[PDB]
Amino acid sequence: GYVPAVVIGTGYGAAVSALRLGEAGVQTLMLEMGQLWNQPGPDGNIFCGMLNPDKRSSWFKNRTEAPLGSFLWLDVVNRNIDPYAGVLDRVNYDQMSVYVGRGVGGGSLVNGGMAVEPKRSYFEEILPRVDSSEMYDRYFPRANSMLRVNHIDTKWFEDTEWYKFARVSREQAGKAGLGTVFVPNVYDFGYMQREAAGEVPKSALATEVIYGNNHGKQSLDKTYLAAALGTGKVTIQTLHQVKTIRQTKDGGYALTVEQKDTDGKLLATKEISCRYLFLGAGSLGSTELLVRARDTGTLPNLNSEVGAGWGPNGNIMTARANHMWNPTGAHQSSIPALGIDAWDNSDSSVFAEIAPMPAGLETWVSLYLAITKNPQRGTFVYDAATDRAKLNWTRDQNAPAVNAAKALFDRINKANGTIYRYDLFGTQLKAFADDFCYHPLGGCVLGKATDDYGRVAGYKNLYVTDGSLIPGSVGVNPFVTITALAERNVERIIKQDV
């Protein structure tokens, strides 16, 4: 049937859009391909942890996989599984694996919660057509407030065993003249302090994050989406995957949608139409829908920028072997609290997450997710044979990201007399993981595939709201930027179009 507004997906862009539509009185249907994560599993918990993965961990895989960096210790717990509508997907392109969340809340279910604003100078470089004053004065503050961003108690951080890993890297970075910053988070740090005191059920302190947090993490289902549902104008249909979009004869949109069960079986195919269509299917999902629509002729007016300008936010993972006298601890909070800030907007820029190691025993390893400034971009093209958008990206294109990461961590190693680990990512001498990302950005870039508010070029009442808008990089963990842009965009769209 017909609904005035449809929002595809339930991640950051989608959730912002749905809340503001509902508040404006617009009846809105969100279509999410994954599950609503609210039914207890076989252990009485919603989500599995990283030391007890099961089919809930993985979107339609036949074996669980260790969190990147932890294979040497966590492979022992990983198991064959039945393919299931689990929470974390690995999308494997030819030379890049992109991790994404699947469920009501999207990547907010599985992410590390780091809620970071980009440097304004870098924001102005990447998005010069956008008014940066409105972003920093209005929309970033709005996003942080709605997301329930909070800050760690710095005295507790200094004292607690659970952040020894972060203090070690801080000290090591300092010897090399590099500073660290505390990173705000949507995980409730007061709750985390109570976990450490044995006062509340553990989640961050029980090796949970990447397959969901059973407690503590304020994912979108608790924040924007709960508020959207509260308007009485928003519905969410789960296990509904949008396959196609077309323009209708009177200028609306019609979607073909597959309803599945949690085992992946097809239950129904539906056509849903609307006046206003908002894409929040993520960098991969929104881009794929639009590339397919363009190249199969169902949205033939889409421009050639649809599909272009993809990047992995410069993501590179690496690890250092600490001296014996600098153990990182058996007990490591699963939520990062510190980053190394070596981002000066030059091509040597690095902002590096100090990431925890979920082994549950002492490994002496420090793990880092580096975010770099690498101008290389990939492109999604349509493959009519498989009916899929394929990402054209080669591993060579991450050479500049590897080089920036390596320059920074070589500096830290030289200052401390330490070496890399080379054995964390498989059976190859490899210190830098250069073919994954957690932060896919672009494919439907703001101002190129769309106007400066995410209105898709060639069409009226058709909007993109999500990470596909961002031009490949933001220099920090991206969800705060996605949220803030979405707030800006939907405010304008509702005012001027709806």
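From 1 onward, residues are counted along the sequence shown. Just so we're on the same page, rigid core means the largest C-alpha set that superposes within 1.5 Å between forms.
Colleague: Given a rigid core fit, name the stretch, 287-295 or 246-254, whose C-alphas are on average farther from the form shown here in 6 other deposited structures of this protein.
Modeller: Relative to the shown form, the greater RMS C-alpha distance in 6 other deposited structures of this protein belongs to 246-254.
Colleague: Which stretch is less alike in 6 other deposited structures of this protein, 423-431 or 332-340, counting RMS CA distance after the rigid core is superposed?
Modeller: With the rigid core superposed, the C-alphas that lie farther in 6 other deposited structures of this protein are those of 423-431.
Colleague: Going by the B-factors listed in the PDB entry, is the mean over the C-alpha atoms higher for 469-477 or for 430-438?
Modeller: Between 430-438 and 469-477, it is 430-438 that shows the higher mean C-alpha B-factor.
Colleague: If you average the Cα B factors in the entry, which is higher, 344-352 or 200-208?
Modeller: Looking at the record's C-alpha B-factors, the answer is 344-352.
Colleague: Which is it among 102, 373, 270, 217: the one with the largest CA B-factor in the entry?
Modeller: It is 270.
Colleague: Out of 118, 378, 314, 177, which one has a C-alpha B factor higher than all the others in the entry?
Modeller: In the PDB entry, the greatest C-alpha B-factor among 118, 378, 314, 177 is found at 177.
Colleague: Which third of the chain does residue 25 land in by C-alpha B-factor: lowest, middle or highest?
Modeller: Its C-alpha B-factor, which the entry lists for residue 25, ranks in the highest third among residues of this chain.
Colleague: Determine, from the deposited record, the chain-internal third of the Cα B-factor for residue 447: lowest, middle or highest.
Modeller: It falls in the middle third of the chain.
Colleague: Comparing against every modelled residue in the chain, figure out the third that the C-alpha B-factor of residue 422 lands in (lowest, middle or highest).
Modeller: Its C-alpha B-factor belongs to the highest third of this chain's values.
Colleague: Based on the deposited C-alpha B factors for this chain, I'd like to know if residue 403 is in the lowest, middle or highest third.
Modeller: CA B-factor rank for residue 403: highest third.
Colleague: In terms of the chain's CA B-factor thirds, is residue 294 lowest, middle or highest?
Modeller: It falls in the bottom third of the chain.
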